[PDB]
**Q** 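One structure, as structure tokens, below. Some questions next.
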Amino acid sequence: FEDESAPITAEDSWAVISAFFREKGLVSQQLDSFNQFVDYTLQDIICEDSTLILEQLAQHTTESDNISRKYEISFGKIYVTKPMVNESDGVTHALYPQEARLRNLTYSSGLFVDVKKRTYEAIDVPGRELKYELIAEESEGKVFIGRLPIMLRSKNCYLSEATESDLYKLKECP
Amino acid sequence: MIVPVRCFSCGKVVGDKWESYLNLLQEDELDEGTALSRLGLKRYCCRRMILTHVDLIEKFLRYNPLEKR
Amino acid sequence: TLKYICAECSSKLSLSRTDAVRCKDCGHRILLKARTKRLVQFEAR
Ligand SMILES: [Zn+2]
Ligand SMILES: [Zn+2]
């Protein structure tokens, strides 16, 4: 007690267990796995490969049109938004779990990606190496590629930061 | 949910001893046994009725009414 | 006509068949039908 370094009894282990359950919770593995997936795994899946190259050879029967094209498309950063719902009239509004449960919707958030539309050309001189230079069509602009379902209380959910009073206001059981 | 009107076993009216019980626990700083004895609950059938009650009605009352006048 | 209550305003709204199912105060699309007027009998047992 008075000694800071006094040994602990078997009753204090329950204080340690209480601290563990305060920090972690009972379903921490589900939320932790989903947070890791959304925060890092989606970006890895998007960036790995996902570089479609299409080398359109000149196929020149005559020397007048001896130029080879090459169109390629890559994908940059991914943006995941908060859950929102598209309505019949086209108006999109924020969707809450105790609306998707009643209206048979899906609690999902849209995914967007920065497309990067590059392309090269080459002066098709036979014998000389096909040197592929830039045609200035180095184009690219997020595009909606789908919707990811969101688990509740995860980092990208409306209830992650909600307090007890806010949960009562949103008709959600604490 | 809310305090039962009567003891299941014998039938003693315990529905009017809930707020007094909470007051005794809070205002007078009595322990549960002395508070139960102060209210006149002598058989353990009644003591388990009052002692083990979980007053869930408050949680229900935290939500906003569906039909507000 | 027949009455309903908004889910998050508790506002009474009388609607016909041709009316779009929405709340006229907040635009909410969840509506609860009003309590019946006919008497209900319960056995206190
Ligand atoms: Zn009894
Ligand atoms: Zn409304």
Side-chain angles (χ1 to χ4, degrees), chain A residues 13 15-56 69-120 132 134-174, chain C residues 28-30:
Chain A
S13 60
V16 175
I17 288 163
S18 288
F20 171 89
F21 281 110
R22 256 185 275 123
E23 174 159 353
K24 289 288 183 59
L26 273 300
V27 294
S28 77
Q29 77 282 352
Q30 296 272 119
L31 303 171
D32 280 13
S33 200
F34 190 81
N35 288 338
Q36 176 77 4
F37 166 68
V38 164
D39 286 0
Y40 305 107
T41 303
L42 275 174
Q43 193 60 80
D44 291 7
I45 289 170
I46 296 308
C47 69
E48 290 293 328
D49 185 4
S50 78
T51 301
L52 306 178
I53 55 177
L54 177 45
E55 184 173 354
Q56 187 205 353
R69 322 298 291 278
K70 189 171 68 167
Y71 299 140
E72 69 171 2
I73 294 166
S74 182
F75 299 88
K77 264 168 56 48
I78 184 153
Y79 299 138
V80 62
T81 67
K82 308 294 292 206
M84 295 178 81
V85 65
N86 282 6
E87 208 73 33
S88 189
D89 58 9
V91 173
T92 310
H93 58 116
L95 176 66
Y96 280 84
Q98 198 73 58
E99 179 165 6
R101 275 191 279 256
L102 292 174
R103 287 181 69 181
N104 282 9
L105 306 175
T106 303
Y107 195 57
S108 68
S109 74
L111 289 166
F112 301 93
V113 61
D114 286 355
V115 169
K116 201 186 282 287
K117 183 185 174 188
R118 307 261 197 85
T119 175
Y120 292 175
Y132 275 109
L134 268 162
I135 207 169
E137 281 183 358
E138 191 157 1
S139 52
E140 56 174 0
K142 54 169 53 50
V143 295
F144 177 79
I145 67 180
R147 280 160 179 289
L148 185 79
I150 304 301
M151 62 171 66
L152 275 74
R153 314 262 179 152
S154 46
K155 191 183 308 309
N156 210 16
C157 174
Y158 287 117
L159 309 182
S160 47
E161 305 305 330
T163 79
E164 191 180 4
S165 53
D166 301 325
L167 288 169
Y168 279 121
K169 282 188 186 180
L170 299 172
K171 304 297 188 68
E172 292 283 329
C173 180
Chain C
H28 211 52
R29 297 190 186 64
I30 310 183

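Each chain gets a letter, A, B and so on, in the order the sequences are listed, and its residues count up from 1.
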**Q** Using salt bridge (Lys or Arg N to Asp or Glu O under 4.0 Å) as the criterion, list what pairs up with A/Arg103, not counting sequence neighbours.
**A** A/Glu87, A/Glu99

**Q** List in chain and number order the residues that pass salt bridge (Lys or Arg N to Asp or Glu O under 4.0 Å) with A/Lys116, two or more places apart in sequence or in another chain; answer none if no residue qualifies.
**A** A/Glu140

**Q** Does A/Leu52 have any side-chain contact (heavy atoms from CB on, under 4.5 Å) partners at least two apart in sequence or in another chain, and if so, which?
**A** none

**Q** Do other residues, nucleotides or ligands put more than 12 heavy atoms under 6.0 Å from A/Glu23 CD?
**A** no

**Q** Which value, rounded to the nearest 0.5 Å, describes the distance between A/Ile135 atom CD1 and A/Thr119 atom OG1?
**A** 6.0 Å

**Q** In chain order, what residues pass the side-chain contact (heavy atoms from CB on, under 4.5 Å) check against A/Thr51, with sequence neighbours excluded?
**A**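 Checked A/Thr51 against side-chain contact (heavy atoms from CB on, under 4.5 Å); matches are A/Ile53, A/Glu72, A/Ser74.
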
**Q** I'd like to check the salt bridge (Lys or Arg N to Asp or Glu O under 4.0 Å) partners of A/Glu137; sequence neighbours left out, ordered by chain and number.
**A** none

**Q** With side-chain contact (heavy atoms from CB on, under 4.5 Å) as the criterion, how do A/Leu26 and A/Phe21 come out once you've worked through the C-alpha distance, each side chain's angles and the decisive distance to 0.1 Å?
**A** CA-CA 7 Å; A/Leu26 273 300; A/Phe21 281 110; 3.8 Å; yes

**Q** Any donor-acceptor pair under 3.5 Å linking the side chain of A/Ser50 with the backbone of A/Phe75?
**A**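 Flag not set: sc A/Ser50 to bb A/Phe75 has no pair under 3.5 Å.
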
**Q** Among residues at least two apart in sequence or on other chains, which ones pass side-chain contact (heavy atoms from CB on, under 4.5 Å) with A/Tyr168?
**A**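 So A/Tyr168 forms a side-chain contact (heavy atoms from CB on, under 4.5 Å) with A/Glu164, A/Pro174, B/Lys59, B/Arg62, B/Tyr63.
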
**Q** Should A/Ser108 and A/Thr106 be marked as a side chain to side chain donor-acceptor pair (under 3.5 Å) after you check the CA-CA gap, both sets of side-chain angles, and the distance that decides it?
**A** CA-CA 6 Å; A/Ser108 68; A/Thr106 303; 5.8 Å; no

**Q** When the side chains of residues 33-46 of chain A are checked against the rest of the protein, which donor-acceptor pairs come out under 3.5 Å, sequence neighbours left out?
**A**
from    : atom 1 : to       : atom 2 : distance (Å)
A/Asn35 : OD1    : A/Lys155 : N      : 3.0
A/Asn35 : ND2    : A/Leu31  : O      : 3.2
A/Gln43 : OE1    : A/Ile78  : N      : 3.2
A/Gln43 : NE2    : A/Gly76  : O      : 3.3

**Q** Can you tell me how far the CE atom of A/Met151 sits from the OG atom of A/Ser160, to the nearest 0.5 Å?
**A**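 Taking CE in A/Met151 and OG in A/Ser160, the distance rounds to 13.0 Å.
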
**Q** side-chain contact (heavy atoms from CB on, under 4.5 Å) between A/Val113 and A/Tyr79: does it pass, once the steps are laid out?
**A** CA-CA 6 Å; A/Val113 61; A/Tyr79 299 138; over 6 Å; no

**Q** Could you grab the distance from atom CD1 of A/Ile150 to atom CG of A/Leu159, nearest 0.5 Å is fine?
**A**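 The CD1 atom of A/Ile150 sits 12.0 Å away from the CG atom of A/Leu159.
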
**Q** Taking all atoms of both residues into account, what is the closest heavy-atom pair of A/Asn156 and A/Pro83, and its distance?
**A** O-CD, 3.5 Å

**Q** Identify, with sequence neighbours excluded, every residue that meets side-chain contact (heavy atoms from CB on, under 4.5 Å) alongside A/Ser13.
**A**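 For A/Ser13, no residue satisfies side-chain contact (heavy atoms from CB on, under 4.5 Å) once neighbours in sequence are set aside.
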
**Q** I'd like to check the ring-ring contact (aromatic ring centres under 6.0 Å, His included) partners of A/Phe112; sequence neighbours left out, ordered by chain and number.
**A**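 Partners of A/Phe112 under the ring-ring contact (aromatic ring centres under 6.0 Å, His included) test: A/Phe144.
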
**Q** Quick one: which residue pairs count as a ring-ring contact (aromatic ring centres under 6.0 Å, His included) with a foot in residues 82-102 of chain A, not counting sequence neighbours?
**A** A/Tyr96-A/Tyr158

**Q** Would you please name every residue forming a salt bridge (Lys or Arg N to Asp or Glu O under 4.0 Å) with A/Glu55, sequence neighbours left out?
**A** none

**Q** Could you tell me the separation between the CE atom of A/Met84 and the CG atom of A/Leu95, rounded to the nearest 0.5 Å?
**A** 9.5 Å

**Q** With sequence neighbours left out, which residue pairs that include part of residues 165-174 of chain A fulfil the salt bridge (charged side-chain N to carboxylate O under 4.0 Å, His left out) condition?
**A**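 For residues 165-174 of chain A: A/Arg101-A/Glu172.
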
**Q** If I compare all heavy atoms of A/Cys157 with all of A/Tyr107, which pair ends up nearest, and what's the gap?
**A**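 Closest pair (atom of A/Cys157, atom of A/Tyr107, distance): SG-OH, 3.0 Å.
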
**Q** For the OG1 atom of A/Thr81 and the NZ atom of A/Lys142, what is their distance to the nearest 0.5 Å?
**A**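 Interatomic distance, A/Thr81 OG1 to A/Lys142 NZ, rounded to 0.5 Å: 10.0 Å.
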
**Q** Under 6.0 Å from the ring centre and within 45 degrees of the ring axis: does the NZ or CZ of A/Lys70 meet both conditions for the six-membered ring of A/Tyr132?
**A** yes

**Q** Report the C-alpha distance between A/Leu134 and A/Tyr120 in whole Å, list the side-chain angles of each, state the deciding distance to 0.1 Å, and finish with yes or no for side-chain contact (heavy atoms from CB on, under 4.5 Å).
**A** CA-CA 5 Å; A/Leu134 268 162; A/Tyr120 292 175; 3.5 Å; yes

